[PDB]
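Input: a single structure, listed below in structure tokens.
4 protein chains.
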Amino acid sequence: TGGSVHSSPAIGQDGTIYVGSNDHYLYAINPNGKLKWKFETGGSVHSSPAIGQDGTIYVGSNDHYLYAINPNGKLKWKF
Amino acid sequence: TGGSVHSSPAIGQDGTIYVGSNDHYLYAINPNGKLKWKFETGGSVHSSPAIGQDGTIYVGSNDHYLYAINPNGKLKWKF
Amino acid sequence: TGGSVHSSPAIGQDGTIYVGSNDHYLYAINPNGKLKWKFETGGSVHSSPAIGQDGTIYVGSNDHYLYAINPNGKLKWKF
Amino acid sequence: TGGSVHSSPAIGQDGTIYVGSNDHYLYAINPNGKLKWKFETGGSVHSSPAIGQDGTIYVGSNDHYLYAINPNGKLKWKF
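Residue numbers (our numbering), protein chains in the order written: chain A, 3 to 81; chain B, 3 to 81; chain C, 3 to 81; chain D, 3 to 81.
Structure, rendered in structure tokens:
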């Protein structure tokens, strides 16, 4: 990545690794180490993502929002 | 929300997302992205919430306290 | 307790809530909100505690050590 | 260890306790308190490690990389 990784990673049911970074991105990485996708938030992602029963990834960001992201990398909703 | 989100989200038995924020509040969000309730502490909430077997949500705050909150949103006890 | 609580709490099998604080103490609290015991480290405890299979409570401190503490509240070892 | 321990410990399938430290190392410590191995990253390890189903340890570092480490303490890949 291009920023310090303060978020603690979470592992999806299929092995996908989700982690936030200081470059405003929540990352999704395959077990082989290559990028599944990346989601742009407004600020540093110090929150550690949590994975729902249906696969939704929830993580907070420094831009005041709690994000919900579908497993394909596009936004479900933000609070 | 109106504060930086450092707490990492915790997901309840029914899918309720709990996360703290710098605006002194512990938020509770429904899986559809709408507020269920919010509880106010006396400082920033950087601890990440932990959920018990009976649904109690535990979380710390900068105001020296450890909070226990029932799933309704009202205080159980503080330490 | 007394001090900013950055440690995210962990929940034991019997419902005991373990959390660290800046007062150099690791805290074990019963589900009712009363103190069970406290263990003193050499620095602030920002690490969130993790619980082993036999009940051992692992947590780190700013005094460079990782602490292993028995469920009764006494030192198992420190690294 | 050599630096402050902010990473939260994670427990493997065989009871191994994994934790990061500000000395740029990810530690693997047996339940008996003896060192199993330590893996050097570029910068401080604030991220709390996560463990996949095959035993891979995922942790973030201040050197911008997300690390995947085999159970034997050797690098699988970095992102």
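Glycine is no exception: its CB is placed at the ideal position from the N, C-alpha and C atoms.
Cβ-based burial, residue i [other Cβ within 10 Å; buried from 16]
| i | result |
| --- | --- |
| residue 68 of chain D | buried |
| residue 37 of chain D | exposed |
| residue 34 of chain A | exposed |
| residue 28 of chain A | buried |
| residue 22 of chain C | buried |
| residue 75 of chain B | exposed |
Under 7 Å by beta carbon: chain D residues contacting residue i
| i | result |
| --- | --- |
| residue 71 of chain A | Those do not exist, as residue 71 of chain A stays about 17 Å from chain D at its closest Cβ, beyond 7 Å. |
Chain-ordered chain A contacts of residue i [CB-CB under 8 Å]
| i | result |
| --- | --- |
| residue 60 of chain D | 11, 13, 19 and 21 |
| residue 28 of chain D | Result: empty, since nearest Cβ-Cβ is about 13 Å, beyond 8 Å. |
Member of the options whose CA lies at the smallest distance from the CA of residue i
| i | options | result |
| --- | --- | --- |
| residue 70 of chain C | D:18, D:74 and D:24 | D:18 |
| residue 5 of chain A | D:46, D:57, D:79 and D:52 | D:46 |
| residue 2 of chain D | D:81, D:14, D:40 and D:54 | This structure cannot settle anything about residue 2 of chain D, because the visible part of chain D is limited to 3 through 81. |
| residue 77 of chain D | D:50, D:52 and D:60 | D:60 |
| residue 54 of chain D | A:31, A:7 and A:26 | A:31 |
| residue 63 of chain D | D:16, D:48, D:81 and D:8 | D:48 |
| residue 16 of chain A | A:65, A:10 and A:73 | A:73 |
| residue 56 of chain C | C:14, C:26 and C:81 | C:14 |
| residue 7 of chain C | C:65, C:66 and C:50 | C:50 |
| residue 26 of chain A | A:65, A:80 and A:81 | A:65 |
| residue 12 of chain B | A:81, A:79 and A:52 | A:52 |
Listed by chain order, chain B residues near residue i by CB distance under 7 Å
| i | result |
| --- | --- |
| residue 81 of chain A | 3, 31 and 35 |
Contact set between residue i and chain A, taken where Cβ atoms lie within less than 9 Å
| i | result |
| --- | --- |
| residue 8 of chain B | 48, 49, 62 and 64 |
| residue 77 of chain D | Ordered by position in chain A, no residue passes the 9 Å Cβ test against residue 77 of chain D, which lies about 10 Å from the chain. |
Go through the segment 8 to 76 of chain D residue by residue and report every complete run of the beta strand (DSSP E) that reaches 3 residues or more, in order. 19 to 22, 27 to 31, 37 to 42, 59 to 62 and 68 to 71
Using a Cβ-Cβ cut-off of less than 9 Å, list which residues of the segment 45 to 60 of chain C approach chain B; keep chain order. 50
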